[PDB]
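For the authors' numbering, count along the sequence shown from 1 and bump the result up by 528. For reference, the structure is listed below as structure tokens.
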Amino acid sequence: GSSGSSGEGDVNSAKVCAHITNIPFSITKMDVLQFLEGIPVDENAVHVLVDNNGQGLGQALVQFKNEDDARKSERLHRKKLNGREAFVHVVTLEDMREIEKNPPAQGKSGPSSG
Numbered sequence: 529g530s531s532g533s534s535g536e537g538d539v540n541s542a543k544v545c546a547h548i549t550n551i552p553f554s555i556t557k558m559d560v561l562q563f564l565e566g567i568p569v570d571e572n573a574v575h576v577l578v579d580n581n582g583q584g585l586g587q588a589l590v591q592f593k594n595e596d597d598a599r600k601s602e603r604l605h606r607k608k609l610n611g612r613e614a615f616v617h618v619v620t621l622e623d624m625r626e627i628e629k630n631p632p633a634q635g636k637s638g639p640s641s642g
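So, in structure tokens, the structure goes:
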């Protein structure tokens with residue numbers, strides 16, 4: 529879908545990130561790396577979140593090089609991890625950087641604020 533003739537070039541607003549939510553804070557980056565078994569990604573590519581206690585709110589942001597790896601990571605959407613449903617949303621790097629620094633305010637994926 530051309531989506532309007534603008535002009536290709538340097539990665540601009542490209543989907544090269546995937547946010548994983550609805551996961552148990554019991555697991556750590558290490559475990560997460562196992563869930564993505566099959567895709568060629570580095571450990572530093574996945575940034576796990578943490579809270580005052582460290583456990584974390586149960587979320588992580590993955591950063592891939594190109595969509596070639598993203599389109600594949602998004603294929604595991606709505607997957608079961610440790611007996612818990614997981615939601616993977618694809619977003620542009622920019623969005624990832626913003627979130628990583630300042631996580632969601634309200635949150636929609638899973639029960640965050642009762």
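In this text, a Cβ means the ideal position worked out from N, Cα and C, and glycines have one as well.
Worksheet item: Does the distance from the C-beta atom of residue 583 to that of residue 553 stay below 8 Å?
Response: A contact, by the Cβ cut-off of 8 Å.
Worksheet item: Apart from the five residues on each side of it in sequence, which residues of its chain come closer than 8 Å, Cβ to Cβ, to residue 640?
Response: Excluding sequence positions up to five before and after residue 640, its CB lies within less than 8 Å of the CB of 585, 632 and 634, all in the same chain and listed in chain order.
Practice prompt. Could you spell out where the alpha helix (DSSP H) holding residue 562 opens and where it closes?
Written response: That run of the alpha helix (DSSP H) goes 557 to 563.
Worksheet item: Just reading off the alpha helix (DSSP H) that residue 629 is part of, what are its end residues?
Response: Residues 621 to 629.
Worksheet item: Which class does residue 606 belong to by DSSP, given the choice of helix, strand or coil?
Response: In this structure, residue 606 counts as coil in the three-state DSSP scheme.
Worksheet item: In terms of alpha-carbon separation, which member of 581, 588, 594 and 595 lies closest to residue 571?
Response: The residue with the shortest Cα to Cα distance from residue 571 is 588.
Fill in: Cβ contact (3+ pairs, closer than 8 Å) linking the region 606 to 623 and the region 565 to 580
Judged by Cβ distances under 8 Å, the region 606 to 623 makes no contact with the region 565 to 580, as fewer than three pairs qualify.
Worksheet item: For residue 571, does the three-state DSSP call read helix, strand or coil?
Response: The DSSP-derived three-state label of residue 571 is coil.
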